[PDB]
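> Generate coordinates for the sequence data below:
(4 chains, ligands or ions: 2)
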Amino acid sequence: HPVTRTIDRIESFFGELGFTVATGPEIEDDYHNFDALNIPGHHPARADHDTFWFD
Amino acid sequence: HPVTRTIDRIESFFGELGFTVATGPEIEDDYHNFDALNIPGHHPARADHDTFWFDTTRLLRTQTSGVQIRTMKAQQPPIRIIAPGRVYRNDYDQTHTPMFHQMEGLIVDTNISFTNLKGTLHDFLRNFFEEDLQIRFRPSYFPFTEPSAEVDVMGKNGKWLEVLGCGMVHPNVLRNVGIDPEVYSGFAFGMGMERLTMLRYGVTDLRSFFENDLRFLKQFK
Amino acid sequence: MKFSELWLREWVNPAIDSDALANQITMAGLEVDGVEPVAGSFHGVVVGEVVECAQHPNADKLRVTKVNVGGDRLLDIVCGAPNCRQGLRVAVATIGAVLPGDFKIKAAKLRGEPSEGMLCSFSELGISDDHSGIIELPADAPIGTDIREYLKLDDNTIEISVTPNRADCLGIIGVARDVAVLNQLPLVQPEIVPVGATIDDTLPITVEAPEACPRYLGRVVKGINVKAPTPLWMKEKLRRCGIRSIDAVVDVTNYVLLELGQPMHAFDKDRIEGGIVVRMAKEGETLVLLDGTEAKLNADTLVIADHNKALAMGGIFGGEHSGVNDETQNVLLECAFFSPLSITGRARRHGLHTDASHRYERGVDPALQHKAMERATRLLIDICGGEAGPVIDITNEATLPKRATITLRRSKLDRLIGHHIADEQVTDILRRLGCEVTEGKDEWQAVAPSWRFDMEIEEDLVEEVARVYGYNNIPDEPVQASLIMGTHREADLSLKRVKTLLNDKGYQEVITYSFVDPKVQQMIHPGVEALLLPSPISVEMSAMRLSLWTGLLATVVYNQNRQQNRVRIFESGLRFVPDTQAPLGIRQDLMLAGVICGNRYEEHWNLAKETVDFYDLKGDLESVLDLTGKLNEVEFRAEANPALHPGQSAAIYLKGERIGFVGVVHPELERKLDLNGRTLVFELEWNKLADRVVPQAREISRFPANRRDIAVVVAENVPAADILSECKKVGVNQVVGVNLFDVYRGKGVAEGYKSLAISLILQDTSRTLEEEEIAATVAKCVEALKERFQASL
Amino acid sequence: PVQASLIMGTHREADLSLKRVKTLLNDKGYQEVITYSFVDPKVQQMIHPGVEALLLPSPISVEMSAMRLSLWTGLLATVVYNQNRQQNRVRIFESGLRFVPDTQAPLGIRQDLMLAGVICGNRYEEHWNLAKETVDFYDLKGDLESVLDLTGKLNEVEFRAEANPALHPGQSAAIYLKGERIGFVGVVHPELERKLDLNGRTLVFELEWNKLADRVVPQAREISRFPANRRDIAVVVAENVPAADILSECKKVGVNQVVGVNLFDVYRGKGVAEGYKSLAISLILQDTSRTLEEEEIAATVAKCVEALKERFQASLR
Ligand SMILES: C[C@@H](CC1CCCCC1)NCc1ccccc1O
Ligand SMILES: [Mg+2]
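Numbering: from 1, shown residues only, chains lettered A, B, ... in the order given. Ligands and ions are numbered 1, 2, ... in the order given. Sharing the structure here:
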């Protein structure tokens, strides 16, 4: 896929500098997507991102 | 080929550290193979070197040093290259073939020390054999490095096994490629791919690598 | 370098066993290659004396013997050695002893006479290859004592590799001095007192080349017994260092070489005409060496000569005439320091390699000649008798090398090592090595000792400090450096990516030797001169390969000789083609080559056995070339090649440049190489396809496309790809796809003609097409095949 | 530029790169595809009926309101998309997460990385020397065996016939590695193929990636310098007896000498009773220390035939 070519190129650029690739789940909780990023519940980023919530 | 497996793993180990792969011709002149490495014409490790000569200047290289010398002459530090390739020596036994593969590394920067040589190669050996294995650094001699060292891995039979050679680049080598040894320093290393491949996968006869029996090669898919 | 561990322990005896001492020597930089026992394994052999010796009454060449071993009574021993006689001190393997090979000594009769043990040779004890007679011990040998204790047979010979920097470690003293430094022990040295002269005999010695010989020491010994036997203690130390005993005069000079590292030589003084002339040779001088052969010397070679003829090669080899012989009674001892640069290379020029040349070309201590001369003088007269004259000292202080004065900076030491070693430890290490050290502000000024030839610059002292402090006592630290990205090119095609595709098409990578057999390469590439090795490992590996086909075709024959008919392999590597316009007159191009043979697949329940053909390998090659994105610009033209089937071979062209070949191996070449069957090879110049096209997004039509099939009959010798290329080129932007799906020739088409069924796909990016413009375009395409080719049907 | 340390990090040779598997799939004629993680629950219900998927309250649309339970809804929508543009032959794969509601999983949803794909149409494009034949089950399995062979554990892979509502029950298999279920493969059920408006027979697969993200590190084995011997056997079994299990039993029974077991023919017709089949199997025998003679060769071949008798009630012909 064209975007896969882009990801692979960027990974090789930073891999030479010692950057390790890390991955994780796509359904996340409140803490890891916002709270731990200095984005409290009363912060507009929880709506400026226009997030898909399940609950 | 199992030797290719080994070369690829080592290139990925040092590629994450910013080491660039560089290749060059296998037939060289006595300058890039000896003189540039602080090996004069009267030096013992030259006539008594099991070298294949075509005439008084052209030879089959005994190391991949030609590309490393040319790279240093063409740019100032920082230098961070590894140089794989085939090399040639006259011996031929159960543990020696007239042709084999060598992986040589070179880094040149402002404050490169012997402590960096130990840590880098200790990291490499731990990754290559995938265990917290016993290694040791041992005094040795090469005309192109000072201090010089060989590193051994504790063999499975209780004896130390020489795995590679290394050292801090000799100031003469830096000088004749236009690098100031009072400002820059660096370490280099060299290792045989057949030896490391035998220890890694349990190959007991070095000649199997070049007989190319499809039953030997198919084990390494 | 071999040496005796016990002999080394006479100079330095650290409280540690043999395995650890040998490890310590290896960790000094003198890697031990082996440790071997001095004698075989046995017990029950003791010192005895031959009290009575008489003729064996029933065997002509045997003797019956009474032997005293310090027991209750004398032993009856039968001996057949020729040297057995009364009064001899011998090694006695008593009853119950076990000799090497589990050879138990039992009381028995030999030709009717009782024998309660046996008298031993060195060979029977596993000491040496000497089986000419029984061992003869010194007259004061202690009766009853274990010969293992008396002869010190619990000892090892240690073999070390000495790199050319450690010129000081080619003798007992030099190896022991380094071991003592590593153990922080002093060195115990023998008392070598000078031999006072009792006569005034000398001879004129003049040096014409004081640069090559800054110091020559001559000394005369009058009235020696060259037939005097070498004492057993000297024979053993020589043997345990790998040197066998020859005669007493050569044995003493070899002993001082082993002990002090100083080579020495003995001339027959009566065969010296006039005096000694230490000079360069004349261009073309002739000398008969000690091995009987003649040497034609050059003017750059130093010689020891007299007033008429040359006598020896200085510090390399002795001549046949002037050496010691059976009639010699007066000798001239030589003990010189030769300049390493004046000796190096001369021994190899004449195929020579001696203990003296090896040490002189690396560097012998220029403050060692006097002590070594006095050592040889006393040892010679104590063995062979005679009287010594005064020492003839010809020393040139101008050319005598000077000890180096080196400045070691704290900044350089900490920077190169990366670990701070205390000031007192640095100066202590340098002094124990023999340096005169004066401390300064963050600096050491060191004068290197006379024996070290590897102490010229600052880095040499860094290594000495580091190796004695301990490499493994230095910690690990990661490199600090800038995180700067390299320069990347998305247009680069990786060779590893190509190897992966070949793997995914059923190809196994092989690696073959770069020098091949010219007998078989001349079969594959006849007439093409290859670069030959003058000194190859064998004639079958003497020609640098002009292609990869010689190695690949030898590999399939190898595997086919081992019950494997189907082999599909590739290889990447350089070819070596003589080229006057290339660097070093030889062009080295990186090639990618391979070969397939046998059936397309292994035996399979749903696939039928079919032999591989040209379009199988071509399909794999098109998969490789498609990685560049330039497959549209590739041409397979039929072209002659002596190794290939003329009707099934093609040159590969990319943008009008020949980049490789492919085809079936010619059937006669298949015969000569003993190939099992049809074999197909290829080879590509790698750098010509290491570049690929970076994609650029083009607009896609949202309007449907139309397909029209045509059947064109053309001449049999017309390449179908040119017809397909004409439909794609002559057609405008309407036709977007041209594909061939059938090739017919037979009942329906004339002989020498073929029908090509081609599908033409038409489409426009802005509108939809109708039958009017569509049929007018396939009519335009088929009319283009009228003049350039033939009509349709 | 940043001034920092140069440390290698920890590598594992036993890892299997997902990018390496993608490269193999490309080299087998597959195009990579990336589809939306939320799909139309109507379509996904046709593929996984009765399975409740995690739904998005307030989605971008109703057709993108259900987290995908597999990658087949997006894949099958992609081939239909291309087939509406005059492209019958579609060979695509995708890697991505599946979302299966699970109370024992974090956040009540289990998120697994999957590798799925689908093929349809002719085996090849129109070619002057390649036969026009529609792709079948053993084409897709051949590509899957190519993928699984990169692990070095292909000798431990099993294709068991297993029912899946989306697949033809007679041409569908659950894939197992060392006894562990790793995926599913088969032709789409004709009723599901009639729905979605698929052009003809289509083959789908899906593999749980982390189950096969490991590969065997090679250990060199000695090669015999002595010649090998081939002995073929004809084995008649009931039709429902999987041929791979006869092969697996032969390899397991002859370990010391039998260095090769391969099926080269399977016959069911005139000469074999109806409901039965004959399997032609080649047994290659070799020893590292000697050449084998007819007595030992026959003994080992008989040992394998008796094991097939005990386990499968097979008969030799
Ligand atoms: C021959 C050198 C050539 C390089 C050395 C210094 C800089 C120029 C290139 N190979 C790397 C190497 C290093 C240490 C010990 C053995 C060894 O093989
Ligand atoms: Mg040194």
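> pretty sure residue D:173 contacts residue D:187?
No - contact between residue D:173 and residue D:187 fails when scored by C-beta atoms under 8 Å: they sit 10.5 Å apart. C-beta coordinates here come from the backbone N, C-alpha and C atoms, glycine included.
> so what sits against both of these two?
Common neighbours of residue D:173 and residue D:187, counting by C-beta atoms under 8 Å, 6 or more residues apart in numbering or on different chains, are absent.
> Next, name the residue at the spatial heart of chain A.
Geometric centre of chain A, nearest residue: residue A:33, 7.9 Å, by C-alpha atoms, centre = their mean.
> Next up, the contacts around it.
Contact analysis of residue A:33 by C-beta under 8 Å, 6+ apart lists residue A:51.
> ditto for residue C:740
C:720, C:724, C:756-759, D:128.
> let's see it at 6 Å
Going by C-beta atoms under 6 Å, 6 or more residues apart in numbering or on different chains, residue C:740 touches C:720, C:724, C:758, D:128.
> By neighbour count, which of those residues wins?
residue C:758 (24 neighbours; other C-beta atoms under 10 Å in any protein chain shown).
> Against ligand 1, how distant is the residue lying closest to residue C:239 once chain neighbours are set aside?
Excluding the flanking residues, the one nearest residue C:239 by C-beta to C-beta, 6 or more residues apart in numbering or on different chains is residue C:128, at 6.3 Å. Noted for residue C:128: a distance of 39 Å to ligand 1, by C-beta to the nearest ligand atom, to the nearest Å.
> What is the neighbour count of the residue of the stretch 201-350 of chain C found nearest ligand 2?
In the stretch 201-350 of chain C, the residue that lies nearest ligand 2 is residue C:340 (16.3 Å; C-beta to the ion). Residue C:340 is flanked by 19 other residues according to other C-beta under 10 Å.
> ok, and the closest non-adjacent residue to it?
Leaving out its chain neighbours, residue C:340 is closest to residue C:363 (C-beta to C-beta, 6+ apart), at 5.0 Å.
> That neighbour touches residue C:453, doesn't it?
Yes - taking contacts as C-beta atoms under 6 Å, residue C:363 lies within contact range of residue C:453: 3.6 Å.
> who touches both of those two?
residue C:167.
> re earlier: which among the contacts of residue C:740 gets closest to chain B?
For the contacts of residue C:740, the residue nearest chain B by C-beta to the nearest C-beta is residue D:128; the value is 32.7 Å.
> Help me confirm that the closest one comes into contact with residue C:754.
No - with contacts counted by C-beta under 6 Å, residue D:128 stays clear of residue C:754, the gap being 10.9 Å.
> Any chance of the backbone angles for residue C:590?
Taking degrees, to the nearest 10, you get phi -80, psi 120 for the backbone angles of residue C:590.
> And the one 5 residues further on, by the same measure?
Dihedral angles phi and psi of residue C:595 (degrees, to the nearest 10) take the values phi -160, psi 140.
> May I see the buried residues of stretch C:148-155?
For stretch C:148-155, a neighbour-count test (16 or more other C-beta atoms under 10 Å in any protein chain shown) marks C:148, C:150-153, C:155 as buried.
> Work out the gap between stretch C:512-527 and the centre of the chain.
Chain-centre distance of stretch C:512-527: 26 Å, with C-alpha atoms, centre = their mean, to the nearest Å.
> Residues in contact with it: which ones?
B:99, C:540-541, C:543-546, C:549-551, C:642-643, C:672.
> Those residues in strands, which ones?
Residues of these located in strands (DSSP state E): B:99, C:543-544.
> Could you point out which of the residues you listed is nearest to chain A?
Checking the ones in strands among the contacts of stretch C:512-527 against chain A by C-beta to the nearest C-beta gives residue B:99 as the nearest, at 31.1 Å.
> Near residue C:471, how many other residues are there?
A total of 22 residues lie near residue C:471 under the criterion other C-beta under 10 Å.
> Could you measure from it over to chain D?
21 Å (C-beta to the nearest C-beta, to the nearest Å).
> Residue C:514 too?
From residue C:514 over to chain D (counting by C-beta to the nearest C-beta), the distance is 25 Å.
> And that residue, its phi and psi?
Torsion angles, degrees, to the nearest 10, at residue C:514: phi -80, psi -20.
> Name the SS class of residue C:259, please.
helix (DSSP: H, G, I helix; E, B strand; the rest coil).
> And for it, nearest residue in space, chain neighbours not counted?
Residue C:259 sits nearest to residue C:172 (C-beta to C-beta, 6+ apart), 5.0 Å away.
> same deal with residue C:427?
Excluding the flanking residues, the one nearest residue C:427 by C-beta to C-beta, 6+ apart is residue C:437, at 5.0 Å.
> tell me, how many neighbours does the one you found end up with?
For residue C:437, using other C-beta under 10 Å, the count is 17.
> I'd say it and residue C:428 touch.
No - shown here, residue C:437 and residue C:428 do not form a contact pair, counting by C-beta under 6 Å, at 8.8 Å.
> Now do the residue in chain C that ligand 1 sits nearest to against residue C:23, distance only.
For chain C, the nearest residue to ligand 1 under the criterion C-beta to the nearest ligand atom is residue C:163, separated by 12.1 Å. To residue C:23, residue C:163 is 18 Å away according to C-beta to C-beta, to the nearest Å.
> Those two: which is more packed in?
residue C:163 (20 against 15).
> tell me the domain ranges of chain D?
Using curated CATH domains, the domains assigned to chain D come out as D:8-216, D:225-317.
> Let me know the outermost residue of chain A.
Within chain A, counting by C-alpha atoms, centre = their mean, residue A:16 lies farthest from the centre, at 21.9 Å.
> just to revisit the earlier point, which ones are touching the residue nearest to residue C:427?
C:427, C:430-431, C:444, C:446.
> Shouldn't it be within a helix?
No - read with three-state DSSP, residue C:437 is strand and lies in no helix.
> Hmm, residue C:6 is touching residue C:157, no?
No - checked against C-beta under 6 Å, the pair residue C:6 and residue C:157 is beyond contact range at 10.0 Å.
> For the stretch 1-150 of chain D, which residue gets nearest to ligand 2?
Using C-beta to the ion, the single residue of the stretch 1-150 of chain D nearest to ligand 2 is residue D:6, 27.2 Å away.
> Excluding sequence neighbours, find me the nearest residue to the residue nearest in space to the middle of chain C.
Central residue of chain C (C-alpha atoms, centre = their mean): residue C:537, 12.6 Å from the mean position. Nearest residue to residue C:537, sequence neighbours excluded (C-beta to C-beta, 6+ apart): residue B:98, at 4.9 Å.
> I'd like to know how far that neighbour sits from ligand 1.
Residue B:98 sits 18 Å away from ligand 1, going by C-beta to the nearest ligand atom.
> Check residue D:208 too.
To ligand 1, residue D:208 is 46 Å away according to C-beta to the nearest ligand atom.
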